[PDB]
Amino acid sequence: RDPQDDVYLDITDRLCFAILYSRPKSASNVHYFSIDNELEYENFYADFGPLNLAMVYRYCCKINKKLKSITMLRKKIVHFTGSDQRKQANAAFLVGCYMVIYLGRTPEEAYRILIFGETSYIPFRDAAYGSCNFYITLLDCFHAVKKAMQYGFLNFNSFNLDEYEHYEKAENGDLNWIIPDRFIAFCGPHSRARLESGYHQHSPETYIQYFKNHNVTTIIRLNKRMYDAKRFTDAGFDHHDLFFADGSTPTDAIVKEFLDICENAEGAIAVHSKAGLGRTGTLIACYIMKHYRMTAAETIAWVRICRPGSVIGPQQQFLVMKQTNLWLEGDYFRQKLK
């Protein structure tokens, strides 16, 4: 809460990251810009980040354009963020993602550069009520982004921004791809659509066309029955009911059946719960931990970058606990196929 706390961190010889607690003092060869009021996190409760894939893409495009433009040719580009620690965390997340994706930096090097001026960052909270039981750091987020690049989850050369931004909106279905051509996480459909007057309650029908055009062969419901499974199976989708209470953790039987269905699925799997966040994210996270050997923290971070608010409360603890078992089952899966 004073200009003594201001820190300037050089990213490249042209790009700089600044955390400012006062008036951004200009210079003739310095260009200041902030994303604090442009790329804002849409919170559910006390969760403040990380920002989604679209915002990471928009930021990366914004810096790439700024470093390319004739207007700022010999100018130092300074990304500044304000006094709010929540905004500082998100801004640093964006810089570190940029370092991992568009520069050849390792996650640890990106994190080293960001914490350089004894800079302390608050780790990301979950969407739960009250107190948080597990936090994801910036390093967890960078490790998630790097592994996403290596395993093909993130590809900014073929990323469709318009499609992501259209389908994430509650009015168009509240859908997000976690793993391209393999996993969709979405909001639970109701019997009868109610898309008018502030309501964004979709019926199974508004997903059918998108699903069949993007090779979804399987649909898994973890929610209580709000629609008849026929409305999906009549369209040739393999529908599975794998129920577990709202806000609960799944049993070994539900996790194993989820994995079996997903492993034996021919095309993409579309998973939903009420909001498509808690129960959905937890199970998709179990698959990612098993088949890609990613940590609970890295996995939660990735699912949250693709779909904010995913994995809530007790579910974070579950994934942290199940990490070793999922890793062992994944080692045994790959040796059985070899």
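One-based numbering along the sequence shown.
Colleague: On mean C-alpha B-factor from the PDB entry, just flag whether 225-233 or 78-86 is the higher one.
Modeller: Comparing 225-233 with 78-86, the higher average CA B-factor belongs to 225-233.
Colleague: Can you tell me whether 153-161 has a higher mean C-alpha B factor than 168-176 in this record, or the other way round?
Modeller: For C-alpha atoms only, the mean B-factor is higher in 153-161.
Colleague: By the entry's C-alpha temperature factors, tell me which of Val100, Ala265, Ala91, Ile113 sits highest.
Modeller: That would be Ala265, according to the entry.
Colleague: From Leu139, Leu195, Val145, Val95, pick the one with the largest CA B-factor in the entry?
Modeller: In this record, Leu195 carries the highest C-alpha B-factor of the candidates.
Colleague: Within this chain's modelled residues, let me know which third the CA B factor of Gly117 belongs to: lowest, middle or highest.
Modeller: Ranked within chain, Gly117 CA B lands in the highest tercile.
Colleague: Can you tell me whether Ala27 has a C-alpha B-factor in the lowest, middle or highest third compared with the other modelled residues of the same chain?
Modeller: For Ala27, the deposited C-alpha B-factor lands in the highest third.
Colleague: Could you say whether, by C-alpha temperature factor, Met72 belongs to the lowest, middle or highest third of its chain?
Modeller: According to the entry, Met72 has a C-alpha B-factor in the chain's highest third.
Colleague: Name the third of the chain's ranked CA B-factors that contains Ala128, choosing lowest, middle or highest.
Modeller: Highest third - that is where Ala128 ends up once the chain's C-alpha B-factors are sorted.
Colleague: Using the temperature factors of the C-alpha atoms in this entry, rank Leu326 within its chain: lowest, middle or highest third.
Modeller: Answer is middle: the recorded C-alpha B-factor places it there.
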